[PDB]
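Below is coords_34.csv, which holds CSV, C-alpha atoms (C1' of nucleotides) and all ligand atoms.
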chain,number,residue,atom,x,y,z
A,2,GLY,CA,-10.3,13.8,4.7
A,3,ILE,CA,-12.9,15.9,3.0
A,4,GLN,CA,-12.3,15.1,-0.7
A,5,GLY,CA,-12.3,18.2,-2.9
A,6,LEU,CA,-12.5,20.7,0.0
A,7,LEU,CA,-9.3,22.5,-1.0
A,8,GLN,CA,-10.5,23.3,-4.5
A,9,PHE,CA,-14.0,24.1,-3.0
A,10,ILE,CA,-12.8,27.0,-0.7
A,11,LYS,CA,-9.8,28.2,-2.8
A,12,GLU,CA,-10.8,31.9,-2.3
A,13,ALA,CA,-9.9,31.6,1.4
A,14,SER,CA,-6.3,30.5,0.5
A,15,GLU,CA,-3.2,32.7,0.2
A,16,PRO,CA,0.3,31.7,-0.9
A,17,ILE,CA,2.7,32.6,2.0
A,18,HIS,CA,6.1,31.8,3.4
A,19,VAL,CA,6.8,30.5,6.9
A,20,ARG,CA,8.8,33.6,7.8
A,21,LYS,CA,5.5,35.3,8.8
A,22,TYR,CA,5.5,33.1,11.9
A,23,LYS,CA,9.1,33.9,13.1
A,24,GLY,CA,9.1,33.9,16.8
A,25,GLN,CA,5.8,31.9,17.0
A,26,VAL,CA,4.9,28.3,17.6
A,27,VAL,CA,3.6,26.1,14.8
A,28,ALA,CA,2.6,22.5,15.3
A,29,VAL,CA,3.3,19.9,12.5
A,30,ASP,CA,1.3,16.9,11.2
A,31,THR,CA,4.5,14.9,11.1
A,32,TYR,CA,2.9,11.9,9.4
A,33,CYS,CA,2.9,13.8,6.1
A,34,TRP,CA,6.7,14.2,6.2
A,35,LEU,CA,7.0,10.6,7.3
A,36,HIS,CA,5.0,9.4,4.3
A,37,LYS,CA,6.8,11.6,1.7
A,38,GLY,CA,10.1,10.7,3.3
A,39,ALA,CA,9.3,7.0,3.1
A,40,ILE,CA,8.6,7.3,-0.7
A,41,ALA,CA,12.3,7.8,-1.3
A,42,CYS,CA,13.2,4.5,0.5
A,43,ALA,CA,9.9,2.6,-0.1
A,44,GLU,CA,11.9,-0.3,-1.6
A,45,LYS,CA,14.0,-0.9,1.5
A,46,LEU,CA,11.1,-0.4,3.9
A,47,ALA,CA,8.8,-2.8,1.9
A,48,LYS,CA,11.7,-5.4,1.9
A,49,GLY,CA,12.3,-5.0,5.6
A,50,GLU,CA,15.9,-3.9,4.8
A,51,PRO,CA,17.3,-1.3,7.2
A,52,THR,CA,17.0,2.4,6.2
A,53,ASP,CA,16.6,5.8,7.8
A,54,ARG,CA,16.2,8.1,4.8
A,55,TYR,CA,12.8,9.3,6.0
A,56,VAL,CA,14.4,10.7,9.2
A,57,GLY,CA,16.8,12.9,7.3
A,58,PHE,CA,13.9,14.0,5.2
A,59,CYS,CA,11.8,15.0,8.2
A,60,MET,CA,14.8,16.7,9.9
A,61,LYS,CA,15.6,19.2,7.1
A,62,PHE,CA,12.0,20.3,7.2
A,63,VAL,CA,12.5,20.9,11.0
A,64,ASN,CA,15.9,22.6,10.4
A,65,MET,CA,14.2,24.8,7.8
A,66,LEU,CA,11.6,25.9,10.4
A,67,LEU,CA,14.4,26.5,13.0
A,68,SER,CA,16.4,28.6,10.4
A,69,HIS,CA,13.4,31.0,10.2
A,70,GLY,CA,13.1,31.5,14.0
A,71,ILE,CA,10.0,29.2,14.3
A,72,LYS,CA,9.3,26.8,17.3
A,73,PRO,CA,7.8,23.6,15.8
A,74,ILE,CA,5.9,21.1,17.9
A,75,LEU,CA,5.9,17.7,16.2
A,76,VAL,CA,2.7,15.8,16.6
A,77,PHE,CA,2.3,12.1,15.8
A,78,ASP,CA,-0.6,9.7,15.4
A,79,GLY,CA,-1.3,7.5,18.4
A,80,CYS,CA,-4.0,4.8,19.0
A,81,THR,CA,-6.4,3.8,16.2
A,82,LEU,CA,-9.8,5.3,16.6
A,83,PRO,CA,-12.4,2.7,17.4
A,84,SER,CA,-14.6,3.7,14.5
A,85,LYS,CA,-11.8,3.1,11.9
A,86,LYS,CA,-10.4,-0.4,12.7
A,87,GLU,CA,-12.3,-1.9,9.8
A,88,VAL,CA,-11.0,0.9,7.6
A,89,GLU,CA,-7.4,0.4,8.7
A,90,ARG,CA,-7.6,-3.3,8.1
A,91,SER,CA,-9.0,-2.8,4.6
A,92,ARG,CA,-6.2,-0.4,3.9
A,93,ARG,CA,-3.7,-2.9,5.4
A,94,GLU,CA,-4.9,-5.5,2.9
A,95,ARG,CA,-4.1,-3.1,0.0
A,96,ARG,CA,-0.6,-2.5,1.5
A,97,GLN,CA,0.0,-6.3,1.6
A,98,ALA,CA,-1.4,-6.7,-1.9
A,99,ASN,CA,0.8,-4.1,-3.5
A,100,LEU,CA,3.8,-5.6,-1.6
A,101,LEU,CA,3.3,-9.1,-2.9
A,102,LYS,CA,2.4,-7.9,-6.4
A,103,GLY,CA,5.3,-5.5,-6.3
A,104,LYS,CA,7.7,-8.3,-5.6
A,105,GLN,CA,6.2,-10.2,-8.6
A,106,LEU,CA,6.7,-7.2,-10.9
A,107,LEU,CA,10.4,-7.3,-9.9
A,108,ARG,CA,10.3,-10.9,-10.9
A,109,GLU,CA,8.9,-10.0,-14.3
A,110,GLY,CA,11.4,-7.3,-15.1
A,111,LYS,CA,9.5,-4.0,-14.8
A,112,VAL,CA,10.7,-1.7,-12.0
A,113,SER,CA,9.0,1.5,-13.0
A,114,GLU,CA,5.6,0.0,-12.5
A,115,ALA,CA,6.8,-2.0,-9.4
A,116,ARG,CA,8.0,1.3,-7.9
A,117,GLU,CA,4.4,2.5,-8.0
A,118,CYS,CA,3.4,-0.7,-6.2
A,119,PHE,CA,5.9,-0.4,-3.4
A,120,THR,CA,5.1,3.2,-2.7
A,121,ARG,CA,1.4,2.5,-2.2
A,122,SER,CA,2.3,-0.2,0.4
A,123,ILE,CA,4.1,2.2,2.7
A,124,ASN,CA,3.0,1.6,6.4
A,125,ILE,CA,4.4,4.3,8.7
A,126,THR,CA,5.0,2.5,11.9
A,127,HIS,CA,5.4,3.8,15.5
A,128,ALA,CA,9.0,2.7,15.5
A,129,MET,CA,9.6,4.8,12.4
A,130,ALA,CA,7.8,7.7,14.1
A,131,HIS,CA,9.8,7.2,17.3
A,132,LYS,CA,13.1,7.4,15.3
A,133,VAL,CA,12.0,10.9,14.2
A,134,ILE,CA,11.1,11.7,17.8
A,135,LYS,CA,14.6,10.9,19.1
A,136,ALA,CA,16.2,12.8,16.1
A,137,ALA,CA,14.0,15.9,16.8
A,138,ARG,CA,14.5,16.0,20.6
A,139,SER,CA,18.2,15.9,20.1
A,140,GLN,CA,17.8,19.2,18.4
A,141,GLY,CA,15.7,20.7,21.2
A,142,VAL,CA,12.5,20.3,19.2
A,143,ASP,CA,9.4,19.4,21.1
A,144,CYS,CA,7.6,16.2,20.3
A,145,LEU,CA,4.1,15.1,21.2
A,146,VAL,CA,2.1,11.9,20.5
A,147,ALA,CA,-1.6,12.3,20.1
A,148,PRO,CA,-3.9,9.9,22.1
A,149,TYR,CA,-5.5,8.9,18.8
A,150,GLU,CA,-5.6,10.9,15.5
A,151,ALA,CA,-3.2,13.8,15.3
A,152,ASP,CA,-5.9,15.7,13.5
A,153,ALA,CA,-7.7,16.3,16.7
A,154,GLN,CA,-4.6,17.0,18.7
A,155,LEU,CA,-3.5,19.6,16.2
A,156,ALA,CA,-6.9,21.2,16.4
A,157,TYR,CA,-6.5,21.6,20.1
A,158,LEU,CA,-3.1,23.2,20.1
A,159,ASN,CA,-4.3,25.8,17.6
A,160,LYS,CA,-7.6,26.6,19.4
A,161,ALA,CA,-5.9,26.8,22.8
A,162,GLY,CA,-3.3,29.4,21.8
A,163,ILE,CA,-0.3,27.1,22.2
A,164,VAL,CA,0.4,27.3,18.5
A,165,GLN,CA,-0.7,29.8,15.9
A,166,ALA,CA,-0.6,27.7,12.7
A,167,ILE,CA,-0.5,24.0,11.7
A,168,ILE,CA,1.6,22.6,8.8
A,169,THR,CA,-0.2,19.7,7.2
A,170,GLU,CA,-1.4,18.2,3.9
A,171,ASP,CA,-4.8,17.0,5.3
A,172,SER,CA,-8.0,19.0,5.1
A,173,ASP,CA,-9.6,17.5,8.2
A,174,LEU,CA,-8.0,20.3,10.2
A,175,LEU,CA,-10.4,22.8,8.6
A,176,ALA,CA,-13.4,20.6,9.6
A,177,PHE,CA,-12.1,20.2,13.1
A,178,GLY,CA,-12.1,24.0,13.4
A,179,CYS,CA,-8.5,25.1,13.2
A,180,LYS,CA,-7.6,28.8,13.0
A,181,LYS,CA,-4.7,28.8,10.5
A,182,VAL,CA,-3.8,25.8,8.4
A,183,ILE,CA,-0.7,25.8,6.2
A,184,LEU,CA,-0.9,23.4,3.2
A,185,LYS,CA,1.6,22.3,0.6
A,186,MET,CA,4.9,23.4,2.2
A,187,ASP,CA,8.0,22.4,0.3
A,188,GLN,CA,11.5,22.0,1.8
A,189,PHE,CA,12.0,25.8,1.6
A,190,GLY,CA,8.8,27.0,3.4
A,191,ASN,CA,6.7,28.0,0.3
A,192,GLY,CA,3.2,27.1,1.5
A,193,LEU,CA,-0.5,27.9,1.1
A,194,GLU,CA,-2.3,29.3,4.1
A,195,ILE,CA,-6.0,29.0,4.9
A,196,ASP,CA,-7.5,31.0,7.8
A,197,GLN,CA,-10.8,30.4,9.5
A,198,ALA,CA,-12.1,34.0,9.5
A,199,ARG,CA,-11.0,34.3,5.8
A,200,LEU,CA,-13.5,31.6,4.8
A,201,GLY,CA,-15.9,34.4,4.0
A,202,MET,CA,-14.1,35.2,0.8
A,203,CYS,CA,-15.7,32.1,-0.8
A,204,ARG,CA,-18.9,33.3,-2.5
A,205,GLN,CA,-20.2,29.8,-3.3
A,206,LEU,CA,-19.7,28.9,0.4
A,207,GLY,CA,-22.5,31.3,1.2
A,208,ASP,CA,-23.4,31.7,4.9
A,209,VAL,CA,-21.7,28.3,5.8
A,210,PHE,CA,-18.6,30.0,7.1
A,211,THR,CA,-19.4,29.5,10.8
A,212,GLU,CA,-17.7,26.6,12.5
A,213,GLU,CA,-20.8,24.6,13.3
A,214,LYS,CA,-22.3,24.9,9.8
A,215,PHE,CA,-19.0,24.3,8.1
A,216,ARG,CA,-18.4,21.2,10.2
A,217,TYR,CA,-21.9,19.9,9.2
A,218,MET,CA,-21.0,20.6,5.5
A,219,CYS,CA,-17.8,18.5,5.6
A,220,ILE,CA,-19.6,15.6,7.1
A,221,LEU,CA,-22.5,15.5,4.7
A,222,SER,CA,-20.1,15.5,1.8
A,223,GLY,CA,-18.3,12.4,3.2
A,224,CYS,CA,-15.4,11.9,5.6
A,225,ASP,CA,-13.3,9.3,7.3
A,226,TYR,CA,-16.1,8.8,9.9
A,227,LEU,CA,-19.2,8.4,7.6
A,228,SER,CA,-19.6,7.9,3.9
A,229,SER,CA,-21.8,10.4,2.1
A,230,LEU,CA,-25.2,9.6,0.6
A,231,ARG,CA,-25.0,8.8,-3.1
A,232,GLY,CA,-25.3,12.1,-5.0
A,233,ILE,CA,-24.4,14.3,-2.0
A,234,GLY,CA,-21.2,16.2,-2.5
A,235,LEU,CA,-19.7,19.4,-1.1
A,236,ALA,CA,-21.9,21.7,-3.2
A,237,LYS,CA,-25.3,20.1,-2.6
A,238,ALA,CA,-24.6,19.7,1.1
A,239,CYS,CA,-23.6,23.4,1.2
A,240,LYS,CA,-26.9,24.2,-0.6
A,241,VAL,CA,-28.8,22.3,2.1
A,242,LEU,CA,-27.3,24.3,5.0
A,243,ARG,CA,-27.9,27.5,3.1
A,244,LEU,CA,-31.6,26.8,2.2
A,245,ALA,CA,-32.2,25.4,5.7
A,246,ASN,CA,-33.0,28.1,8.3
A,247,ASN,CA,-33.5,25.4,10.9
A,248,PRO,CA,-30.9,25.2,13.7
A,249,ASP,CA,-31.7,21.5,14.4
A,250,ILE,CA,-29.5,19.6,12.0
A,251,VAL,CA,-31.4,16.3,12.6
A,252,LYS,CA,-34.6,17.6,11.0
A,253,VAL,CA,-32.6,19.1,8.2
A,254,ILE,CA,-31.0,15.8,7.2
A,255,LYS,CA,-34.5,14.2,7.1
A,256,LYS,CA,-35.7,17.0,4.8
A,257,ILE,CA,-32.5,16.7,2.6
A,258,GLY,CA,-34.8,15.7,-0.3
A,259,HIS,CA,-36.9,18.8,0.2
A,260,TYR,CA,-34.1,21.4,0.1
A,261,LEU,CA,-32.5,19.8,-3.0
A,262,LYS,CA,-35.7,18.6,-4.7
A,263,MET,CA,-34.4,15.1,-5.0
A,264,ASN,CA,-35.8,11.7,-4.1
A,265,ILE,CA,-33.3,11.0,-1.2
A,266,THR,CA,-34.1,8.3,1.3
A,267,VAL,CA,-32.4,8.9,4.6
A,268,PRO,CA,-31.9,5.6,6.6
A,269,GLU,CA,-32.3,5.7,10.4
A,270,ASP,CA,-28.8,4.5,11.1
A,271,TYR,CA,-27.3,7.3,9.0
A,272,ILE,CA,-28.6,9.8,11.5
A,273,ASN,CA,-26.8,7.9,14.3
A,274,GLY,CA,-23.6,7.8,12.3
A,275,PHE,CA,-23.9,11.5,11.7
A,276,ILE,CA,-24.3,12.2,15.4
A,277,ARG,CA,-21.3,9.9,16.0
A,278,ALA,CA,-19.4,11.7,13.2
A,279,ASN,CA,-20.2,15.2,14.7
A,280,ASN,CA,-19.4,14.1,18.3
A,281,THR,CA,-16.1,12.7,17.0
A,282,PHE,CA,-15.2,16.0,15.3
A,283,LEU,CA,-16.1,17.7,18.5
A,284,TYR,CA,-15.2,15.5,21.5
A,285,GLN,CA,-12.3,13.4,20.3
A,286,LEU,CA,-9.8,12.8,23.2
A,287,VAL,CA,-6.7,15.0,23.0
A,288,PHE,CA,-3.8,15.5,25.5
A,289,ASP,CA,-3.5,18.8,27.3
A,290,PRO,CA,0.2,19.6,27.3
A,291,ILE,CA,0.0,22.1,30.1
A,292,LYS,CA,-2.3,20.3,32.6
A,293,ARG,CA,-1.2,16.8,31.4
A,294,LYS,CA,-4.7,15.4,31.3
A,295,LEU,CA,-6.9,13.6,28.8
A,296,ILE,CA,-9.5,16.1,27.5
A,297,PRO,CA,-12.0,16.2,24.6
A,298,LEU,CA,-11.3,18.5,21.8
A,299,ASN,CA,-14.1,20.8,22.9
A,300,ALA,CA,-15.7,21.1,26.3
A,301,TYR,CA,-18.7,18.8,26.7
A,302,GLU,CA,-22.0,20.6,26.1
A,303,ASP,CA,-24.9,20.3,28.6
A,304,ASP,CA,-27.0,18.3,26.1
A,305,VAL,CA,-24.5,15.5,25.2
A,306,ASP,CA,-23.9,12.5,27.5
A,307,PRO,CA,-20.2,11.9,27.6
A,308,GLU,CA,-20.6,8.3,28.7
A,309,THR,CA,-21.8,7.3,25.2
A,310,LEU,CA,-18.7,8.6,23.3
A,311,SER,CA,-16.5,5.5,23.3
A,312,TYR,CA,-16.1,5.7,19.5
A,313,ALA,CA,-14.3,9.0,20.0
A,314,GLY,CA,-11.8,7.2,22.2
A,315,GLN,CA,-11.8,5.9,25.8
A,316,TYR,CA,-10.0,7.5,28.8
A,317,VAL,CA,-7.0,6.0,30.5
A,318,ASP,CA,-5.1,7.2,33.6
A,319,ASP,CA,-3.4,10.5,33.2
A,320,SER,CA,0.0,9.0,34.1
A,321,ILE,CA,-0.4,6.6,31.3
A,322,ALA,CA,-1.7,9.3,28.9
A,323,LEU,CA,1.5,11.3,29.7
A,324,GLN,CA,3.8,8.4,28.9
A,325,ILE,CA,2.0,7.6,25.7
A,326,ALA,CA,2.1,11.3,24.6
A,327,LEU,CA,5.8,11.5,25.4
A,328,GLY,CA,6.6,8.5,23.2
A,329,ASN,CA,7.9,6.4,26.1
A,330,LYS,CA,5.1,3.9,26.2
A,331,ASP,CA,4.4,1.8,23.1
A,332,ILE,CA,1.0,2.3,21.6
A,333,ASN,CA,0.5,-1.5,21.0
A,334,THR,CA,2.2,-3.3,23.9
A,335,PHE,CA,1.8,-0.5,26.4
A,336,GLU,CA,5.4,-1.3,27.5
A,337,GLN,CA,8.1,1.3,28.3
A,338,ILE,CA,10.2,1.6,25.2
A,339,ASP,CA,11.8,4.9,26.3
A,340,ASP,CA,12.3,7.0,29.4
A,341,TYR,CA,12.3,10.6,28.2
A,342,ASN,CA,11.8,13.2,31.0
A,343,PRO,CA,11.2,16.9,30.0
A,344,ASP,CA,11.5,18.3,33.5
A,345,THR,CA,15.2,17.6,34.1
A,346,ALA,CA,17.0,19.8,31.6
A,355,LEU,CA,3.9,22.3,26.1
B,1,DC,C1',-23.1,22.1,-13.4
B,2,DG,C1',-22.5,18.4,-9.7
B,3,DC,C1',-21.1,13.9,-8.0
B,4,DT,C1',-18.9,9.3,-8.3
B,5,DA,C1',-14.9,6.4,-8.5
B,6,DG,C1',-10.9,5.6,-10.6
B,7,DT,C1',-5.9,6.9,-12.0
B,8,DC,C1',-1.7,8.8,-10.6
B,9,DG,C1',2.1,11.4,-8.5
B,10,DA,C1',4.6,12.5,-4.3
B,11,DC,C1',10.8,11.6,-3.5
B,12,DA,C1',14.9,12.8,-6.3
B,13,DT,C1',18.1,10.7,-9.4
C,1,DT,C1',-1.7,8.2,3.2
C,2,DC,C1',-3.6,12.3,0.8
C,3,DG,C1',-4.4,15.2,-2.9
C,4,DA,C1',-5.0,16.6,-8.0
C,5,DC,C1',-7.2,15.3,-12.1
C,6,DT,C1',-10.5,13.0,-15.4
C,7,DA,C1',-13.9,10.1,-17.7
C,8,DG,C1',-18.7,8.7,-16.9
C,9,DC,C1',-23.4,9.6,-15.2
C,10,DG,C1',-27.5,12.2,-13.3
A,401,MN,MN,-7.1,12.9,8.7
A,402,MN,MN,-4.3,12.0,9.8
A,403,NA,NA,-19.8,12.9,-1.3

Go ahead and render the structure in this file as structure tokens.
Amino acid sequence: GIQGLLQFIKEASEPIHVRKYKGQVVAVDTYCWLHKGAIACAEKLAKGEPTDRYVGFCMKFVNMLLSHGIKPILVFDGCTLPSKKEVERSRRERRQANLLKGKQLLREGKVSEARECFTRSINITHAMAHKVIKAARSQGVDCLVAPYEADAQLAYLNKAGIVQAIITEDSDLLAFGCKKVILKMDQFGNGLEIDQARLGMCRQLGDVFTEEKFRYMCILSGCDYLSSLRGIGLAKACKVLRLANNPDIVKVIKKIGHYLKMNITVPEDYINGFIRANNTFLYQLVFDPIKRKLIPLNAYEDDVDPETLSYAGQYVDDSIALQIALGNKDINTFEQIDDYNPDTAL
DNA sequence: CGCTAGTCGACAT
DNA sequence: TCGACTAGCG
């Protein structure tokens, strides 16, 4: 996500407990519980030996929310975004490297250092995620699979009024424009809340509290979609948007050396990547739970051409998008691996 | 001070 | 995977 963003807007945060959302709906970035639950059984998972410790880990987090009168909607990552296939492969190479080197550290004798190797090789698969789906649906807990990144799907559920808060550990939710983000929640509900309107409490943030300017700031500092220019962090990027009274962000990026008084050369392909990064934060395909239709995160503006937004995900038939979101259709093989039906009893 | 890139812990015995 | 945390550099 946006590295250093949580310490950058710490004034907007407030330690809370999940009881303040009793009787309300809260969506969950379930891949954070999946990863932390897999750390306990990272050895068996890396060895291919059967294990299901992570499911019980994810369930007590769900049972904790159900004990406090909260309706959780579990959201899971779906297809890989087209602009991150090279990134996912390079991360897969590191998982295979720490796996092979981890098995060699066991051959050498050290296990305390091999433990740190197997835990960095954890690959949360869709089969592991579907195990949590069947375990949660057996407890009457709703489950949903995002068309692509769960980051965008969560941002839609919060901005549409379906949920009022989002439990996660990732800071991309703030850049996507969420209303209430709950970070660092333990097994007991002790968390740290960040609201969107409460971003004004950050003095160093300046007038970059509006969603459009704040989204531009997160991108210029570097994100999953576009690396930052060397020497451009969160503070200097925030200074650019403060010192720039120009609404056109394109001319501002070209003058990034004028606002900061630095010799910064802006390549021409960086502008295109920025536009691709902004359109991805804005128009990434999510799944409407009510209407059951593929929609962008935000409604298409009259200036953008939706035909040139393939990097934000391509459309499929709504009947296929429904089965993918229900976890019945495999993300890879597109074959029916389940037959869940929510009608016969979001 | 700000930014880069690296280290390291998470879980739970 | 994601963050917190720090030495090193402008
Ligand atoms: Mn993310
Ligand atoms: Mn994510
Ligand atoms: Na940066």

Inset, instruction - Kindly work out which residues sit at most 10 Å from ligand MN 402 (chain A), using only C-alpha atoms (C1' of nucleotides) and all ligand atoms, and give the list as a PyMOL selection string. - result: (chain A and resi 2+30-33+77-78+149-153+155+169-174+225) or (chain C and resi 1-2)

Legend entry - Interatomic distance, atom CA of residue 40 of chain A to atom CA of residue 184 of chain A (Å, one decimal):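 Calculated distance between atom CA of residue 40 of chain A and atom CA of residue 184 of chain A is 19.1 Å.
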
Give me, as a Markdown table, each residue of chain B that comes within 9 Å of chain A, together with its shortest interatomic pair and the distance in Å at one decimal, counting only C-alpha atoms (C1' of nucleotides), with rows ordered by chain and rising residue number.
| residue | atom | partner | partner_atom | distance |
| --- | --- | --- | --- | --- |
| B:2 | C1' | A:236 | CA | 7.3 |
| B:3 | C1' | A:232 | CA | 5.5 |
| B:4 | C1' | A:232 | CA | 7.7 |
| B:10 | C1' | A:37 | CA | 6.5 |
| B:11 | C1' | A:41 | CA | 4.6 |
| B:12 | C1' | A:41 | CA | 7.5 |

Determine, counting only C-alpha atoms (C1' of nucleotides), which protein, DNA and RNA residues have an atom within 12 Å of an atom of residue 8 of chain B; residues of the same chain fewer than 2 positions away are not included. Present the result as a PDB file with C-alpha atoms (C1' of nucleotides), in the coordinates of the input.
ATOM      1  CA  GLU A 114       5.600   0.000 -12.500  1.00  0.00           C
ATOM      2  CA  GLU A 117       4.400   2.500  -8.000  1.00  0.00           C
ATOM      3  CA  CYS A 118       3.400  -0.700  -6.200  1.00  0.00           C
ATOM      4  CA  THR A 120       5.100   3.200  -2.700  1.00  0.00           C
ATOM      5  CA  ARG A 121       1.400   2.500  -2.200  1.00  0.00           C
TER       6      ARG A 121
ATOM      7  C1'  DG B   6     -10.900   5.600 -10.600  1.00  0.00           C
ATOM      8  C1'  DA B  10       4.600  12.500  -4.300  1.00  0.00           C
TER       9       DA B  10
ATOM     10  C1'  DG C   3      -4.400  15.200  -2.900  1.00  0.00           C
ATOM     11  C1'  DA C   4      -5.000  16.600  -8.000  1.00  0.00           C
ATOM     12  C1'  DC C   5      -7.200  15.300 -12.100  1.00  0.00           C
ATOM     13  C1'  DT C   6     -10.500  13.000 -15.400  1.00  0.00           C
TER      14       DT C   6
END

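Note that the spacing between atom CA of residue 17 of chain A and atom CA of residue 66 of chain A amounts to 14.0 Å.
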
Inset, instruction - Quote the spacing between atom CA of residue 164 of chain A and atom CA of residue 26 of chain A in Å to one decimal place. - result: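 Between these atoms lies a distance of 4.7 Å.
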